[PDB]
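Novice: Provided below: input27.pdb, containing PDB, C-alpha atoms (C1' of nucleotides).
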```pdb
MODEL        1
ATOM      1  CA  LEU A   5      70.247  82.401 122.200
ATOM      2  CA  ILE A   6      67.672  85.081 121.340
ATOM      3  CA  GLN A   7      68.411  87.300 118.349
ATOM      4  CA  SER A   8      67.317  90.852 119.129
ATOM      5  CA  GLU A   9      64.924  92.503 116.697
ATOM      6  CA  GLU A  10      64.768  96.199 115.753
ATOM      7  CA  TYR A  11      68.532  96.428 116.355
ATOM      8  CA  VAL A  12      71.312  95.344 113.987
ATOM      9  CA  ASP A  13      75.068  95.804 113.599
ATOM     10  CA  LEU A  14      76.023  97.551 110.358
ATOM     11  CA  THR A  15      79.583  96.384 109.655
ATOM     12  CA  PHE A  16      81.786  98.133 107.088
ATOM     13  CA  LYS A  17      85.122  96.603 106.139
ATOM     14  CA  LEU A  18      87.765  99.154 107.120
ATOM     15  CA  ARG A  19      91.134  99.704 105.442
ATOM     16  CA  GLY A  20      93.704 102.469 105.621
ATOM     17  CA  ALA A  21      96.702 103.794 107.487
ATOM     18  CA  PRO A  22      97.279 102.865 111.146
ATOM     19  CA  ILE A  23      95.056 104.846 113.496
ATOM     20  CA  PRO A  24      95.406 105.942 117.142
ATOM     21  CA  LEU A  25      94.139 103.379 119.633
ATOM     22  CA  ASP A  26      91.826 106.065 121.071
ATOM     23  CA  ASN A  27      90.104 107.113 117.837
ATOM     24  CA  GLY A  28      86.918 108.318 119.522
ATOM     25  CA  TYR A  29      86.425 111.918 118.475
ATOM     26  CA  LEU A  30      88.598 111.324 115.397
ATOM     27  CA  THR A  31      86.353 108.651 113.876
ATOM     28  CA  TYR A  32      83.180 110.344 115.114
ATOM     29  CA  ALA A  33      84.111 113.684 113.534
ATOM     30  CA  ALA A  34      85.172 112.009 110.284
ATOM     31  CA  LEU A  35      81.848 110.170 110.029
ATOM     32  CA  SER A  36      79.909 113.315 110.975
ATOM     33  CA  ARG A  37      81.695 115.238 108.221
ATOM     34  CA  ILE A  38      80.830 112.442 105.793
ATOM     35  CA  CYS A  39      77.334 111.911 107.254
ATOM     36  CA  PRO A  40      75.639 115.066 108.616
ATOM     37  CA  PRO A  41      72.594 113.066 109.829
ATOM     38  CA  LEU A  42      74.849 111.029 112.141
ATOM     39  CA  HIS A  43      75.246 114.044 114.441
ATOM     40  CA  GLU A  44      71.527 114.292 115.267
ATOM     41  CA  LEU A  45      70.885 110.577 115.839
ATOM     42  CA  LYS A  46      70.214 109.414 119.396
ATOM     43  CA  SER A  47      70.181 105.610 119.823
ATOM     44  CA  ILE A  48      73.270 104.752 117.788
ATOM     45  CA  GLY A  49      76.663 103.413 118.828
ATOM     46  CA  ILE A  50      79.997 102.879 117.071
ATOM     47  CA  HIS A  51      81.895  99.700 117.893
ATOM     48  CA  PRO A  52      85.554  99.803 118.982
ATOM     49  CA  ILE A  53      87.659  98.954 115.944
ATOM     50  CA  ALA A  54      89.088  95.426 116.084
ATOM     51  CA  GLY A  55      92.754  95.200 115.127
ATOM     52  CA  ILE A  56      96.055  94.125 116.618
ATOM     53  CA  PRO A  57      98.009  96.719 118.650
ATOM     54  CA  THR A  58     101.051  98.347 117.049
ATOM     55  CA  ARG A  59     103.778 100.610 118.421
ATOM     56  CA  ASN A  60     103.048 103.847 120.302
ATOM     57  CA  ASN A  61      99.309 104.258 121.007
ATOM     58  CA  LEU A  62      98.356 103.414 117.419
ATOM     59  CA  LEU A  63      96.136 100.655 116.029
ATOM     60  CA  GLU A  64      96.840  98.831 112.765
ATOM     61  CA  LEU A  65      93.935  97.873 110.504
ATOM     62  CA  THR A  66      93.783  94.244 109.372
ATOM     63  CA  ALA A  67      91.574  92.498 106.827
ATOM     64  CA  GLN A  68      89.315  91.568 109.760
ATOM     65  CA  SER A  69      89.230  95.170 111.014
ATOM     66  CA  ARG A  70      85.802  96.638 110.319
ATOM     67  CA  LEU A  71      83.763  99.675 111.305
ATOM     68  CA  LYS A  72      80.665  98.363 113.089
ATOM     69  CA  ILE A  73      77.618 100.494 113.908
ATOM     70  CA  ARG A  74      74.733  99.538 116.203
ATOM     71  CA  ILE A  75      71.570 101.263 114.989
ATOM     72  CA  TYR A  76      67.801 100.887 114.928
ATOM     73  CA  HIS A  77      67.102  98.829 111.819
ATOM     74  CA  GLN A  78      64.491 101.346 110.623
ATOM     75  CA  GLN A  79      67.031 104.199 110.857
ATOM     76  CA  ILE A  80      69.524 102.597 108.447
ATOM     77  CA  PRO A  81      68.133 104.496 105.395
ATOM     78  CA  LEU A  82      69.226 107.708 107.163
ATOM     79  CA  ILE A  83      72.964 106.896 107.128
ATOM     80  CA  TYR A  84      73.391 104.069 104.579
ATOM     81  CA  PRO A  85      73.640 106.259 101.421
ATOM     82  CA  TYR A  86      76.248 108.457 103.136
ATOM     83  CA  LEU A  87      78.516 105.614 104.322
ATOM     84  CA  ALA A  88      78.059 102.642 101.969
ATOM     85  CA  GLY A  89      80.746 102.950  99.303
ATOM     86  CA  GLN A  90      82.012 106.355 100.441
ATOM     87  CA  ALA A  91      85.348 107.340 101.990
ATOM     88  CA  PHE A  92      86.328 109.274 105.113
ATOM     89  CA  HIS A  93      89.641 110.815 106.154
ATOM     90  CA  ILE A  94      91.289 110.491 109.568
ATOM     91  CA  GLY A  95      93.996 113.124 109.792
ATOM     92  CA  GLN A  96      95.544 113.081 106.314
ATOM     93  CA  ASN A  97      94.873 109.463 105.265
ATOM     94  CA  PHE A  98      91.922 108.275 103.174
ATOM     95  CA  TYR A  99      89.889 105.295 104.405
ATOM     96  CA  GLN A 100      87.386 103.431 102.236
ATOM     97  CA  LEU A 101      84.146 101.700 103.231
ATOM     98  CA  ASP A 102      82.450  99.051 101.094
ATOM     99  CA  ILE A 103      78.888  97.701 101.057
ATOM    100  CA  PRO A 104      78.089  96.875 104.700
ATOM    101  CA  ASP A 105      76.803  93.591 106.075
ATOM    102  CA  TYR A 106      74.110  93.153 108.719
ATOM    103  CA  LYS A 107      74.820  91.221 111.911
ATOM    104  CA  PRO A 108      72.014  90.311 114.337
ATOM    105  CA  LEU A 109      72.240  91.195 118.017
ATOM    106  CA  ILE A 110      72.772  87.904 119.858
ATOM    107  CA  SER A 111      71.968  87.392 123.532
ATOM    108  CA  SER A 112      74.638  86.242 125.972
ATOM    109  CA  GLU A 113      74.665  85.520 129.694
ATOM    110  CA  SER A 114      77.911  87.477 130.167
ATOM    111  CA  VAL A 115      78.391  90.748 128.272
ATOM    112  CA  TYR A 116      81.382  93.086 128.126
ATOM    113  CA  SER A 117      82.025  96.801 127.648
ATOM    114  CA  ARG A 118      85.587  97.867 126.841
ATOM    115  CA  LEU A 119      84.880 101.363 128.202
ATOM    116  CA  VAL A 120      82.087 102.923 130.264
ATOM    117  CA  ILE A 121      82.016 106.662 130.988
ATOM    118  CA  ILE A 122      79.832 108.332 133.626
ATOM    119  CA  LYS A 123      80.114 112.060 134.287
ATOM    120  CA  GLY A 124      81.431 113.001 137.719
ATOM    121  CA  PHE A 125      82.243 109.464 138.936
ATOM    122  CA  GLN A 126      85.973 108.675 138.941
ATOM    123  CA  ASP A 127      86.462 106.319 141.893
ATOM    124  CA  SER A 128      85.581 102.633 141.702
ATOM    125  CA  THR A 129      82.815 102.564 144.327
ATOM    126  CA  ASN A 130      80.937 105.628 143.064
ATOM    127  CA  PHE A 131      81.238 104.293 139.517
ATOM    128  CA  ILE A 132      79.862 100.898 140.578
ATOM    129  CA  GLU A 133      76.880 102.406 142.378
ATOM    130  CA  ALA A 134      76.280 104.668 139.364
ATOM    131  CA  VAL A 135      76.158 101.673 137.016
ATOM    132  CA  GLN A 136      73.811  99.960 139.484
ATOM    133  CA  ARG A 137      71.551 103.026 139.387
ATOM    134  CA  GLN A 138      71.679 103.030 135.580
ATOM    135  CA  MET A 139      70.637  99.374 135.636
ATOM    136  CA  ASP A 140      67.766 100.404 137.913
ATOM    137  CA  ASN A 141      66.572 103.019 135.407
ATOM    138  CA  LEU A 142      66.425 100.429 132.606
ATOM    139  CA  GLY A 143      65.120  97.673 134.897
ATOM    140  CA  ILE A 144      68.064  95.309 134.357
ATOM    141  CA  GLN A 145      69.374  92.929 137.026
ATOM    142  CA  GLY A 146      72.918  91.588 137.047
ATOM    143  CA  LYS A 147      76.243  91.469 138.845
ATOM    144  CA  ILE A 148      78.797  94.160 137.986
ATOM    145  CA  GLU A 149      82.471  93.239 137.587
ATOM    146  CA  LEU A 150      85.343  95.516 136.579
ATOM    147  CA  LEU A 151      88.006  94.459 134.090
ATOM    148  CA  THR A 152      91.480  94.256 135.616
ATOM    149  CA  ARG A 153      95.019  94.468 134.265
ATOM    150  CA  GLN A 154      97.774  91.974 135.078
ATOM    151  CA  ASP A 155      98.065  93.579 138.539
ATOM    152  CA  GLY A 156      94.365  93.197 139.418
ATOM    153  CA  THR A 157      93.620  96.924 139.583
ATOM    154  CA  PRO A 158      90.338  98.004 137.948
ATOM    155  CA  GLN A 159      91.082  99.230 134.436
ATOM    156  CA  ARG A 160      90.671 102.884 133.464
ATOM    157  CA  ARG A 161      90.652 104.416 129.985
ATOM    158  CA  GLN A 162      90.709 107.987 128.694
ATOM    159  CA  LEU A 163      88.777 109.672 125.883
ATOM    160  CA  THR A 164      90.440 112.664 124.204
ATOM    161  CA  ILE A 165      87.978 115.143 122.694
ATOM    162  CA  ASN A 166      89.862 117.551 120.413
ATOM    163  CA  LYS A 167      87.081 120.145 120.324
ATOM    164  CA  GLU A 168      88.426 123.394 118.814
ATOM    165  CA  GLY A 169      91.932 124.374 119.928
ATOM    166  CA  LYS A 170      91.716 122.819 123.387
ATOM    167  CA  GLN A 171      91.890 119.066 123.960
ATOM    168  CA  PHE A 172      89.538 117.549 126.518
ATOM    169  CA  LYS A 173      89.843 114.812 129.150
ATOM    170  CA  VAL A 174      86.978 112.348 129.646
ATOM    171  CA  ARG A 175      87.716 109.080 131.435
ATOM    172  CA  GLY A 176      85.942 105.926 132.528
ATOM    173  CA  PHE A 177      86.152 102.233 133.373
ATOM    174  CA  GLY A 178      85.714  98.939 131.552
ATOM    175  CA  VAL A 179      83.138  96.628 133.133
ATOM    176  CA  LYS A 180      82.149  92.974 132.775
ATOM    177  CA  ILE A 181      78.490  92.141 133.414
ATOM    178  CA  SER A 182      76.923  88.692 133.848
ATOM    179  CA  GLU A 183      73.775  87.080 135.289
ATOM    180  CA  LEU A 184      71.508  88.976 132.911
ATOM    181  CA  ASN A 185      69.266  86.354 131.160
ATOM    182  CA  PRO A 186      68.776  86.731 127.380
ATOM    183  CA  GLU A 187      66.020  89.372 127.452
ATOM    184  CA  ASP A 188      67.801  91.798 129.777
ATOM    185  CA  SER A 189      71.091  90.962 128.048
ATOM    186  CA  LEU A 190      69.626  92.112 124.730
ATOM    187  CA  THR A 191      68.089  95.161 126.408
ATOM    188  CA  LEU A 192      71.475  96.190 127.810
ATOM    189  CA  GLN A 193      73.238  95.455 124.514
ATOM    190  CA  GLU A 194      70.872  97.729 122.578
ATOM    191  CA  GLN A 195      70.537 100.472 125.197
ATOM    192  CA  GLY A 196      74.107 100.384 126.493
ATOM    193  CA  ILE A 197      75.230 102.079 129.688
ATOM    194  CA  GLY A 198      76.777 105.421 130.484
ATOM    195  CA  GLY A 199      77.186 108.128 127.888
ATOM    196  CA  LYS A 200      79.307 108.788 124.810
ATOM    197  CA  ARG A 201      77.743 105.843 122.973
ATOM    198  CA  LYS A 202      78.758 107.130 119.531
ATOM    199  CA  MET A 203      82.214 107.844 120.991
ATOM    200  CA  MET A 204      83.458 104.228 120.637
ATOM    201  CA  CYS A 205      82.675 103.539 124.305
ATOM    202  CA  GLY A 206      79.702 102.463 126.421
ATOM    203  CA  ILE A 207      78.302  99.766 124.114
ATOM    204  CA  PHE A 208      78.395  96.075 125.030
ATOM    205  CA  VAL A 209      79.651  92.818 123.511
ATOM    206  CA  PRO A 210      80.063  89.159 124.648
ATOM    207  CA  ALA A 211      82.561  88.279 127.399
ATOM    208  CA  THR A 212      85.003  86.678 124.958
ATOM    209  CA  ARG A 213      86.134  90.230 124.221
ATOM    210  CA  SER A 214      86.308  90.709 128.000
ATOM    211  CA  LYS A 215      88.856  87.903 128.317
ATOM    212  CA  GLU A 216      90.692  89.145 125.217
ATOM    213  CA  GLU A 217      90.991  92.648 126.688
ATOM    214  CA  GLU A 218      92.120  91.088 129.974
ATOM    215  CA  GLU A 219      94.955  89.310 128.151
ATOM    216  CA  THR A 220      96.562  92.579 127.012
TER     217      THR A 220
ATOM    218  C1'   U B   1     184.379  47.256 110.739
ATOM    219  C1'   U B   2     181.325  47.014 103.823
ATOM    220  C1'   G B   3     185.656  49.104  96.077
ATOM    221  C1'   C B   4     184.743  51.007 102.408
ATOM    222  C1'   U B   5     186.630  55.251 105.799
ATOM    223  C1'   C B   6     186.049  62.067 103.763
ATOM    224  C1'   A B   7     182.997  64.009  99.902
ATOM    225  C1'   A B   8     177.512  70.863  98.849
ATOM    226  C1'   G B   9     176.936  71.208  91.151
ATOM    227  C1'   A B  10     177.870  75.329  93.734
ATOM    228  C1'   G B  11     177.583  81.146  93.261
ATOM    229  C1'   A B  12     174.230  85.163  89.540
ATOM    230  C1'   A B  13     170.283  86.138  85.984
ATOM    231  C1'   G B  14     162.821  90.731  84.834
ATOM    232  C1'   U B  15     160.371  87.087  78.899
ATOM    233  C1'   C B  16     160.713  91.807  78.098
ATOM    234  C1'   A B  17     158.939  96.432  75.216
ATOM    235  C1'   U B  18     153.893  97.732  71.498
ATOM    236  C1'   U B  19     148.963  96.316  69.638
ATOM    237  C1'   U B  20     140.399  99.055  69.193
ATOM    238  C1'   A B  21     137.391  92.485  67.432
ATOM    239  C1'   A B  22     136.414  96.474  64.887
ATOM    240  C1'   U B  23     132.990  98.185  61.028
ATOM    241  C1'   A B  24     126.252  96.975  59.186
ATOM    242  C1'   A B  25     121.700  94.840  60.425
ATOM    243  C1'   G B  26     113.063  96.285  62.061
ATOM    244  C1'   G B  27     111.302  89.183  64.791
ATOM    245  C1'   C B  28     108.582  91.048  61.027
ATOM    246  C1'   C B  29     103.871  90.904  58.887
ATOM    247  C1'   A B  30      97.186  88.274  60.175
ATOM    248  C1'   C B  31      94.040  86.778  64.002
ATOM    249  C1'   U B  32      86.572  88.634  68.253
ATOM    250  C1'   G B  33      87.569  83.692  73.782
ATOM    251  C1'   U B  34      81.891  82.955  68.878
ATOM    252  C1'   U B  35      76.713  80.980  70.681
ATOM    253  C1'   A B  36      72.924  80.005  75.126
ATOM    254  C1'   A B  37      71.481  80.523  80.128
ATOM    255  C1'   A B  38      65.873  82.503  86.521
ATOM    256  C1'   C B  39      69.933  81.378  92.489
ATOM    257  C1'   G B  40      67.947  78.360  93.382
ATOM    258  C1'   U B  41      66.054  78.420  98.058
ATOM    259  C1'   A B  42      69.016  78.199 104.145
ATOM    260  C1'   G B  43      77.278  77.556 106.092
ATOM    261  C1'   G B  44      80.023  83.380 111.119
ATOM    262  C1'   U B  45      84.544  87.167 114.257
ATOM    263  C1'   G B  46      91.149  89.036 117.307
ATOM    264  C1'   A B  47      91.639  94.198 123.196
ATOM    265  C1'   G B  48      94.227 101.653 125.951
ATOM    266  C1'   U B  49      94.639 104.557 130.612
ATOM    267  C1'   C B  50      94.854 106.963 135.277
ATOM    268  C1'   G B  51      91.427 112.616 139.550
ATOM    269  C1'   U B  52      85.798 117.601 135.388
ATOM    270  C1'   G B  53      86.592 121.138 130.776
ATOM    271  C1'   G B  54      81.989 124.258 126.762
ATOM    272  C1'   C B  55      76.133 123.085 127.120
ATOM    273  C1'   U B  56      72.511 120.725 130.201
ATOM    274  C1'   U B  57      68.844 121.123 137.218
ATOM    275  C1'   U B  58      73.640 117.870 141.118
ATOM    276  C1'   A B  59      70.924 114.686 138.035
ATOM    277  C1'   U B  60      71.796 112.386 133.104
ATOM    278  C1'   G B  61      73.025 112.769 128.608
ATOM    279  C1'   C B  62      75.459 116.054 124.344
ATOM    280  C1'   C B  63      80.418 118.412 122.074
TER     281        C B  63
ENDMDL
END
```
Just give me the structure as C-alpha cells.
Specialist:
Amino acid sequence: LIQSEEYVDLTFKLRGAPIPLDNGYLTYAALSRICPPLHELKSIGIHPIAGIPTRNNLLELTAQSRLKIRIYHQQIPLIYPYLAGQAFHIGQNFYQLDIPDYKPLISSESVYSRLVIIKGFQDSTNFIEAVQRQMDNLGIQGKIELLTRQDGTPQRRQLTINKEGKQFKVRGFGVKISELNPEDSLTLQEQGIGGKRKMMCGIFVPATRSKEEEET
RNA sequence: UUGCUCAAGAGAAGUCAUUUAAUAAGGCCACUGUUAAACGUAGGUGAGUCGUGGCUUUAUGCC
C-alpha cells in the first residue's frame, strides 16, 4: 500500500518477431548495443517479458507485451534518450520501442521472483540458506518459499550466456517470498536478490505472477 | 359358366453433314473541409529448466 520513491518501472511497449523464452543475454546485449551507458549501470533490472508461450522455447509478443526496466528515477536521463523511440535488433528481426510510461513500485505482502541465481549454490537447501543470508545482508525478514511445478518439485531455470563462440550455463531457482511488511517488501523489490539483475532474472514482483507461473 | 370360351401391331431404322456476332468507340471536363480556440486539473497489467565456465578473496557480484 506504500508506493516506493526513488525507484520506478520504465515500461516500453514491445513489438516484433517471436523471441526465445530465455532472452536474457540476447535482450541485454541488444540494449547494450543500443545504449552503451546501460553496461556500466549498477542498480538496474530488466523485467521478464510478459507474453503467452508459443511452440518450441519461443515467446510471442502481444499488444500487452512490454519491455519494463526498474531503475533509480534520477538515472533515467542516462538511458531515456537511447531507448525512447529507438529500435533494437534481436537476431535478425527489428523491434521498436515507443515513448515509455512510468509505473510506481507498489508494496505487497507476498512478492515473487521468476528466477533467482546465486553462484555456486545448486541444491535446494544451500540455495535457501544463501537467500536467507542475502536477506540478512539487506536486513529483510520473511519466509522463503520455492515455486513448484505440477509435480511439486522446486522449479529450476537456466540462463544461456552466448559470450563469444562458447555458450555458457548459469542456472537458478524461482522463489516466492511473503511475510515482509510494506517497507521491507519495497526494499527487496528495489534491491532484488541474487545476481544477474539486468539479465531478466533476480528482480521481484507481486505473488499474482507467482500463481500464474505455477499454473504453467 | 358372360356376343363368351383362344387371341403379342409385331420385327428394323444415326436428324445427319457445314457455318467467326464480327467489325469502331477517352466517363469526360471544375472544385481549399474556409474561420476561431489555455487541459483543464486527478480512471491500471497475462509465466522456462535441471549439477560452475572467462574476471573477482570461497565470499558476492560482473560477462
Novice: Residues within 9 Å of residue 154 (chain A), please, as a list in words. Count only C-alpha atoms (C1' of nucleotides); anything in the same chain fewer than 6 positions from it doesn't count.
Specialist: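 With the cut-off at 9 Å, the set is residues 218, 219 and 220 of chain A.
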Novice: Wanna dump the chain A-chain B contacts at 10 Å for me, each residue with its shortest atom pair and the distance in Å to one decimal, counting all atoms listed in the file, ordered by chain and number, as JSON lines?
Specialist:
```
{"residue": "A:24", "atom": "CA", "partner": "B:48", "partner_atom": "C1'", "distance": 9.9}
{"residue": "A:25", "atom": "CA", "partner": "B:48", "partner_atom": "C1'", "distance": 6.6}
{"residue": "A:26", "atom": "CA", "partner": "B:48", "partner_atom": "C1'", "distance": 7.0}
{"residue": "A:29", "atom": "CA", "partner": "B:63", "partner_atom": "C1'", "distance": 9.6}
{"residue": "A:46", "atom": "CA", "partner": "B:62", "partner_atom": "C1'", "distance": 9.8}
{"residue": "A:52", "atom": "CA", "partner": "B:47", "partner_atom": "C1'", "distance": 9.3}
{"residue": "A:53", "atom": "CA", "partner": "B:47", "partner_atom": "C1'", "distance": 9.5}
{"residue": "A:54", "atom": "CA", "partner": "B:46", "partner_atom": "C1'", "distance": 6.8}
{"residue": "A:55", "atom": "CA", "partner": "B:46", "partner_atom": "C1'", "distance": 6.7}
{"residue": "A:56", "atom": "CA", "partner": "B:46", "partner_atom": "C1'", "distance": 7.1}
{"residue": "A:57", "atom": "CA", "partner": "B:47", "partner_atom": "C1'", "distance": 8.2}
{"residue": "A:61", "atom": "CA", "partner": "B:48", "partner_atom": "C1'", "distance": 7.6}
{"residue": "A:62", "atom": "CA", "partner": "B:48", "partner_atom": "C1'", "distance": 9.6}
{"residue": "A:66", "atom": "CA", "partner": "B:46", "partner_atom": "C1'", "distance": 9.9}
{"residue": "A:68", "atom": "CA", "partner": "B:45", "partner_atom": "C1'", "distance": 7.9}
{"residue": "A:69", "atom": "CA", "partner": "B:46", "partner_atom": "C1'", "distance": 9.0}
{"residue": "A:107", "atom": "CA", "partner": "B:44", "partner_atom": "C1'", "distance": 9.4}
{"residue": "A:118", "atom": "CA", "partner": "B:47", "partner_atom": "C1'", "distance": 8.0}
{"residue": "A:119", "atom": "CA", "partner": "B:48", "partner_atom": "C1'", "distance": 9.6}
{"residue": "A:122", "atom": "CA", "partner": "B:60", "partner_atom": "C1'", "distance": 9.0}
{"residue": "A:123", "atom": "CA", "partner": "B:52", "partner_atom": "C1'", "distance": 8.0}
{"residue": "A:124", "atom": "CA", "partner": "B:52", "partner_atom": "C1'", "distance": 6.8}
{"residue": "A:125", "atom": "CA", "partner": "B:52", "partner_atom": "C1'", "distance": 9.6}
{"residue": "A:126", "atom": "CA", "partner": "B:51", "partner_atom": "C1'", "distance": 6.8}
{"residue": "A:127", "atom": "CA", "partner": "B:51", "partner_atom": "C1'", "distance": 8.4}
{"residue": "A:138", "atom": "CA", "partner": "B:60", "partner_atom": "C1'", "distance": 9.7}
{"residue": "A:159", "atom": "CA", "partner": "B:49", "partner_atom": "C1'", "distance": 7.5}
{"residue": "A:160", "atom": "CA", "partner": "B:49", "partner_atom": "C1'", "distance": 5.2}
{"residue": "A:161", "atom": "CA", "partner": "B:49", "partner_atom": "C1'", "distance": 4.0}
{"residue": "A:162", "atom": "CA", "partner": "B:49", "partner_atom": "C1'", "distance": 5.6}
{"residue": "A:163", "atom": "CA", "partner": "B:49", "partner_atom": "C1'", "distance": 9.1}
{"residue": "A:165", "atom": "CA", "partner": "B:63", "partner_atom": "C1'", "distance": 8.3}
{"residue": "A:166", "atom": "CA", "partner": "B:63", "partner_atom": "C1'", "distance": 9.6}
{"residue": "A:167", "atom": "CA", "partner": "B:63", "partner_atom": "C1'", "distance": 7.1}
{"residue": "A:168", "atom": "CA", "partner": "B:63", "partner_atom": "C1'", "distance": 10.0}
{"residue": "A:170", "atom": "CA", "partner": "B:53", "partner_atom": "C1'", "distance": 9.1}
{"residue": "A:171", "atom": "CA", "partner": "B:53", "partner_atom": "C1'", "distance": 8.9}
{"residue": "A:172", "atom": "CA", "partner": "B:53", "partner_atom": "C1'", "distance": 6.3}
{"residue": "A:173", "atom": "CA", "partner": "B:53", "partner_atom": "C1'", "distance": 7.3}
{"residue": "A:174", "atom": "CA", "partner": "B:52", "partner_atom": "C1'", "distance": 7.9}
{"residue": "A:175", "atom": "CA", "partner": "B:49", "partner_atom": "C1'", "distance": 8.3}
{"residue": "A:176", "atom": "CA", "partner": "B:49", "partner_atom": "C1'", "distance": 9.0}
{"residue": "A:177", "atom": "CA", "partner": "B:49", "partner_atom": "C1'", "distance": 9.2}
{"residue": "A:198", "atom": "CA", "partner": "B:61", "partner_atom": "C1'", "distance": 8.5}
{"residue": "A:199", "atom": "CA", "partner": "B:61", "partner_atom": "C1'", "distance": 6.3}
{"residue": "A:200", "atom": "CA", "partner": "B:62", "partner_atom": "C1'", "distance": 8.2}
{"residue": "A:213", "atom": "CA", "partner": "B:47", "partner_atom": "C1'", "distance": 6.9}
{"residue": "A:214", "atom": "CA", "partner": "B:47", "partner_atom": "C1'", "distance": 8.0}
{"residue": "A:215", "atom": "CA", "partner": "B:47", "partner_atom": "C1'", "distance": 8.6}
{"residue": "A:216", "atom": "CA", "partner": "B:47", "partner_atom": "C1'", "distance": 5.5}
{"residue": "A:217", "atom": "CA", "partner": "B:47", "partner_atom": "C1'", "distance": 3.9}
{"residue": "A:218", "atom": "CA", "partner": "B:47", "partner_atom": "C1'", "distance": 7.5}
{"residue": "A:219", "atom": "CA", "partner": "B:47", "partner_atom": "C1'", "distance": 7.7}
{"residue": "A:220", "atom": "CA", "partner": "B:47", "partner_atom": "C1'", "distance": 6.4}
```
Novice: Give me, please, the distance in Å between CA of residue 96 (chain A) and CA of residue 30 (chain A), quoted to one decimal.
Specialist: 11.6 Å
Novice: Just to confirm, what's the straight-line distance from CA of residue 100 (chain A) to CA of residue 45 (chain A) in Å (one decimal)?
Specialist: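 Here the two named atoms are 22.5 Å from each other.
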Novice: One decimal, Å: what's the distance from CA of residue 63 (chain A) over to CA of residue 17 (chain A), could you say?
Specialist: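 We find that CA of residue 63 (chain A) and CA of residue 17 (chain A) lie 15.3 Å from each other.
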Novice: Report as a list in words the full result of the PyMOL selection byres ((chain A and resi 143) around 12) when it is applied to this structure.
Specialist: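 So the PyMOL selection byres ((chain A and resi 143) around 12) ends up selecting residues 135, 136, 137, 138, 139, 140, 141, 142, 144, 145, 146, 184, 187, 188, 189, 191, 192 and 195 of chain A.
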Novice: What do you get, as a ChimeraX atom specification, if you spell out every residue that the PyMOL selection byres ((chain A and resi 38-44) around 9) selects here?
Specialist: /A:32-37,45-46,48,82-83,85-87,90-93
Novice: For this structure, which residues satisfy the selection - the PyMOL selection byres ((chain A and resi 89) around 6) - when it is evaluated on the file as given? I want them as a list in words.
Specialist: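 Evaluating the PyMOL selection byres ((chain A and resi 89) around 6) on these coordinates yields residues 88, 90, 101, 102 and 103 of chain A.
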Novice: Would you mind exporting the chosen residues as a CSV table (one decimal), keeping the file's coordinate frame, restricted to C-alpha atoms?
Specialist:
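Writing done, so here's selection_4.csv:
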```csv
chain,number,residue,atom,x,y,z
A,88,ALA,CA,78.1,102.6,102.0
A,90,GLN,CA,82.0,106.4,100.4
A,101,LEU,CA,84.1,101.7,103.2
A,102,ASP,CA,82.4,99.1,101.1
A,103,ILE,CA,78.9,97.7,101.1
```
Novice: If I put a ball of radius 7 Å at (93.3, 107.7, 111.5) in the file's coordinates, which residues poke into it when counting only C-alpha atoms (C1' of nucleotides), written as a list in words?
Specialist: residues 21, 22, 23, 24, 94, 95 and 97 of chain A
Novice: Neighbours of residue 106 (chain A) within 8 Å (all atoms listed in the file; same-chain residues fewer than 4 positions away dropped), as JSON, numbers by chain?
Specialist: {"A": [12, 13, 14, 15]}
Novice: In terms of the shortest atom-to-atom distance over all atoms listed in the file, which of A:31, A:212, A:8, A:117 is closest to residue 179 (chain A)?
Specialist: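 Of A:31, A:212, A:8, A:117, the one nearest residue 179 (chain A), counting all atoms listed in the file, is A:117.
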